[PDB]
Structures are given as C-alpha cells and as structure tokens.
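In the block that follows, a single chain appears as structure tokens, in the form deposited in one PDB entry.
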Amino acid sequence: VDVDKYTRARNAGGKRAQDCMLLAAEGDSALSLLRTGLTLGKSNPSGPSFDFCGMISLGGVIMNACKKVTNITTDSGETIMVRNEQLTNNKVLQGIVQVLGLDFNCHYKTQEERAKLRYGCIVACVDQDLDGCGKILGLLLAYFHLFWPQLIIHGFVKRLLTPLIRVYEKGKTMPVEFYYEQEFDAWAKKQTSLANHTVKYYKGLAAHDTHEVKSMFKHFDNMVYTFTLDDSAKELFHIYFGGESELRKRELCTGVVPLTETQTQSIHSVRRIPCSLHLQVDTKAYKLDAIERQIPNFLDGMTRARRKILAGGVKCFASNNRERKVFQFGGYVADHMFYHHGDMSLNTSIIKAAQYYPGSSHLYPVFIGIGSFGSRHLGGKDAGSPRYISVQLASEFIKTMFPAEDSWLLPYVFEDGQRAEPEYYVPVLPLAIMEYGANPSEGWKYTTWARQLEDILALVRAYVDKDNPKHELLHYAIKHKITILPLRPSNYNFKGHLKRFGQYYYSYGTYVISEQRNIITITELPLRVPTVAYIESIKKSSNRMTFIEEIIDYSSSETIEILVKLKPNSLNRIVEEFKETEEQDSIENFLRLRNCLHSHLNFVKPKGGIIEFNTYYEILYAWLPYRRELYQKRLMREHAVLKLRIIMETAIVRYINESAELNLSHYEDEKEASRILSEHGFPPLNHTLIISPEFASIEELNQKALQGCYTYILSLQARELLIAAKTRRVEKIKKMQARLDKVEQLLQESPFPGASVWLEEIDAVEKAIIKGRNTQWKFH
C-alpha cells in the first residue's frame, strides 16, 4: 500500500534509484513547509524538487527498539534477535521499512545488496529544540544502529541543520543565527542594550516564512550532514537507550561537556558528524532539560510550567479577580511568560493546578476552580474541556504564602532578552513536602507523600521563636542531623488508618462485615486510589471472582460506598485461602485494602541539577536558611528606601513653604529652573528609583540615586500646594521615620534579623489555610 502521509519521488526504485532522497519530517506542518520549498520551480534552479526527493512523516516521537527486543542465542552458535509484537505493529516503522524496502535478515554489507533499496539515503528534517533534535533523532539513530549498523558505517542516515534563533539588527539584511538556547543566552547577557534587535524563536519548521525558506533552500545541499560511527559508540547507545537506569543516573548527574575547536572545525568543514559526539551533546542536553522540566524544585515545590502559571496568574488577576476561561488564561500565560511549547499541555496543567477533592495532588491549590473539575471516581480525569470551565486566583492564600514584597528580590529566568519568572519562589512554609506527587523523568523518579500541617508548624515555630522550649535542642539536632519532633504523614480528608511496620508506612481501607446477608460494605479505599480502577482490578482477578455474585457501586461524589455480594456460604472459605498475617487482615488481603507509602525524594536544586534526599527532615533543613537570608535582604532594602524617601519629601515640604519667595514663574525653561534650584540647597534626586525601586539591588539603589535632577519638585501639581496637603505630608514623613526606627530595631534581634515578622506570617498563613479548608477551598 501507499503508506499514510507519503509522497514518493518520481525515480523511486528505478534505474537511478540510488540518487534519491527521503526527507522524513516530524509531522504535517513540516511537510507543508517541504512541499512549499521543493516546488520552487524556476526561482531555484540549483535546489531539489520531486524528481529526486520524497516525503514521509515520523508520527511525533519514534518508538525505541533498544528495549522492545530480545536476543536468542541459537544452538548453532549464531544468535538471533526477535522483535516484540508491539514493535512489529507500529505504523510508522512498518511504513518506513515499506518505503525504503529494507530487510531484517540482510546485513547490507556488500553493494549489490545495498543496491536493492528503493532509494538510497534517509534525511531526517526535524526541529532544532532539544525535544526534536536530541530525542527523536537519537531514537532514529538507535533504531538504525540496533538493526543495520552497516548503513551507518557506509553512510545512509543524514539530516538538515536549520536555525532555532535568528536575531535581526535594524538596517542590516543578514541576521545572526543560533542553533542552541544557552548559546543565545550567553551571547545576549554580554550585550548592553537589546532595544534595537528582534529575537525570533522557531519551534518547528512551519514558523519560517517565505523570504527565509527561499534563503534556506538556495543552500540545501550545503546544510545536509552525514553520520559516521566509531568503536566508542555502542556503549553510549546502551547507556542512553538501554533498559537499565543506573548507567543513566551516573552519567546524567554531570552537565554537558562543550566542544573543542578541532571537532567544530572538522564538522563545519567536511560535514560529517560522529554518532558518539552527537549523543554526548544533543541527547544529553535533552535529558538534562527534561529533568529540569519534569522534576520539582525543593524550595517552592513546583515545576517550571507551574511556576510560569503562578507568575502569570499573579499578574493576570492583579486589577480585579474576575474569572476567565482556561484557554484564555492559557493564552495570557503563554504570551507574557514566554512559554515556548504547545498549548494543550499548558491547558492540562492549568486544569490540574486548580483541582481540589479528596485525594488530589495539590492540597493547597493556587487557583479557585469554577465549573466541573473532575472527581475522586476517575482520578480527576473527567474534568470539563477548557472551553467550559474557569479559574480565578485564590488571592489571600497567595498573598500570605508568597509575599509580594519578596518577589522583587529573587533571581529571575530571562527568556529571549527580557525577564519571565523567578528561578524559584521561597514560601513562608516548606511547601515542597506538603503535597503529593508521582512522576517519572529521565534517569530518576519523583514521588512524595504529604506531611501533617501541625508537625511542620511545630518544627518551624521551634526553629524561629525564641521562647519555645524546643529552641536550642532543635539547633543541636540540626547540627547533628537527628530527629526529635515527629514528622508524620497527613491524614486530612482521609478516614482510614495508618501504621508503621519497620521502615515504611502502610495505609488501610475500611470494610464492614455482615453475615446476615453475606455482604461486605466497603466504605473507604487507601490513599490516592481511584474508585473505578479499583473496581475493575477487583473484577479481573479470577481467584477473587469465585466468591462474589455481584459488585455494585453506591458512592457519592466525595465518599466511597462500594457493595459486594458473596456466593452463599462463602465467608468461611476465604480465611483458609487468604491467610491473615499480623500486618493485614484476611479481608484486607482479599479486597486489596492496603498500600505502602514508598517515597522517591529526588528534586532539582538552584543552579540546576539533581539533588537526592533520604528523609523529609533533610528537605526542611535545606529549606530554612533561604527564608532566613531573604528576610535579612528585605529589611536592609526597606531601610535604604526609607532613608531615601525621608530625604525626598523633606525638600518637597520646604519648596511648598518657599514657592512664593522663589517665584518659579519668572524663569525661562527647565535649565534655568534647575540652576536656580541648585543654588538654594535642594538635593538632586532620582525620582523614578525612589518612587518605584522595582528590582534594584542596594548598591544599585544607593549608586544611581544621588545622580538625577529636579524632576521630583517640578512635577508638583498646584493641587498639593495647599495647607491640608502640608499637614498630610508632614504626618506621613513622621510615619516613615517611625517606620525607619522600627526597621533598624528589627535588624538586630535574636536569633537572627527578622524573627518576629516570620512568626506573624506563620500565623497569617495558618488562618488562611484554616479558612480555605472550611469553605471547601472556595473562600466565600
């Protein structure tokens, strides 16, 4: 059959079969670009066309064959390699072995067996972000390595090389092109002003308009590169794409190793790429980026997408907290936070970042959700479409947990030249250990179970507050890493019971036995167990089905009530079949009613890279000093700003008192007015930095403050030359200097500066959490 989304060349499998190309693209918008470009008729006499080029789609992400295949060493000696039934029945790989005419029991070592291919090179036209240049190009290389390495030896697998970033200067008709994101960031941070450049990001090939696809296809054969492999490559394919992760963990801790001048000149001159040198840059950079996207930071407890959602949601609902649809808020946060990915997964994260039900992931959600957001009974998988449902910002919890005057003092993620969101938030409470979570990633796994709220409040109040009895003893335990105050799992919104048997916790359900009608009434499932998955699991097991007649659900939307029915006189035969250990009952062995709480505390740290803890105490002890130094920073910044504002307004007061004697109307322009104001003892000030010190560090704030002009005094309205305005300004100067005395008294106290403000914020976060838990997280 002609396979799906396939355009053959006119010379496939004929007398000039070997000189034809297959430009295998990633989707269909890329094929739309390739169809646009291979049909430059007389505007490109040196370019390719469909006389010797074809097109086929890779279907998204290629299946890997390096872990769906098995070796069988034959008794003749020569081992054989049998595929899986899933790998045999993939449509994309069946399609491309149908197009090129490949064979699985031909090694393609001589040339009269390589002349029986339908056309003799593959060229992968993929993207340049790490998701497409590193991942699926690596899996394609792995497929051709695992089944026919002789074609990678002789030269059969090729690729284009397109730009990811173009930067256009005003005036010049040649842009500056970049192939990697960190190269752009290193180029851009060295600059001094980027307000005459335009930065374009090209996710996918279909973002290239006409006047640059013509430039890309005047030089088509100039940018095709061919792969070679050496002996140092087979172990790297087994590390990066083999069935064991310990190799991948121990390689994937270290960062990417940059490229030498000889290797770079050799690649950009002779245009061949070593497969191992591709794996040790592009695929490794992909896997580090995937770790950064899919594993939470240990300070704020959230991923990178959810941190963009939080920043864009604080900024979106700023003026008035009116709700919007999920797709409209998603368009906002993809516009203003520089989100460079697809739109469907962003809307899925906005939906799941607002759910609240017994057993949801987030116990303290950022948003209030307005509509239908799914239930326990399908695990939140049955929410509405984003067309229907709405979200708004849970404003007082975000006000108390993430204080707004601390978001000025954080390191930010700069994207495309201007800032997007923080590197990390630092909440008032250790929010990384307060919720649930279970993800895979590259190399590692993330799994947490939430802690009690009162345990965490006891530990933080024991650390900070000086007259709690557990003050110095807790500091001793932080010096020696021993545990004193208990840190239990959370039992909120869960009615079953929890037991510790050795080095793990176990969570149990609740049944209700009856011999009057031989019916067991299940009333609760263990932690984070969906209902219909439990019912189908208890229905598939044939050893358990021999004792039940009918299994019926009567549960409400927030409370479990399952009803089984037993076959007559079958309560007795369960006990000999399903034996009762001390750790679980015979019914709880029978009805699948306990689970183990097994944690994988693998986080990412500031400045990137994995970190791996052994207990929740280690995460708390790593979290506390960041909040300590952030309090010290905000108090010193406030001290500097208050001195400078006293200095500013106690010259406005004397200008109001001396404007009649000064006679400002007599003078000609701003030059003579600034000169006659410099002679009467008015300080030159920087009005913008004093009114709005946005992100200015304290050296920046006292370094460019006294280097301004008299704009603070010259934009005074005649409204405020009145006597009630004088009284108002004098009393606000008195309040500012009283605040300055309070600030310089707060900078000294025990055990560290800013130790009472943080206790006040603990109490504020606690009452906001209590109010939210009472109102079903609606904050009525």
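By rigid core we mean the largest C-alpha set that fits within 1.5 Å across both forms. The first residue of the sequence shown is number 1, and the count goes up from there.
The same protein also exists as the form deposited in another entry; that form is not shown, yet it is the one meant from here on.
With the core superposed, a Cα shift of 2 Å or more between the shown form and the other one singles out one residue among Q584, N686, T448, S375. Which one is it? Once the cores are aligned, the residue moving by 2 Å or more is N686.
Shift of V604 between the shown form and the other one at or above 2 Å (CA, core fit): No, the C-alpha position differs by under 2 Å between the shown form and the other one.
After the core is overlaid between the shown form and the other one, has the C-alpha of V757 moved by 2 angstroms or more? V757: C-alpha displaced by less than 2 Å between the shown form and the other one.
How about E670 - superposed on the rigid core, does its CA move between the shown form and the other one by 2 Å or more? Result for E670: yes, a 2 Å-plus shift.
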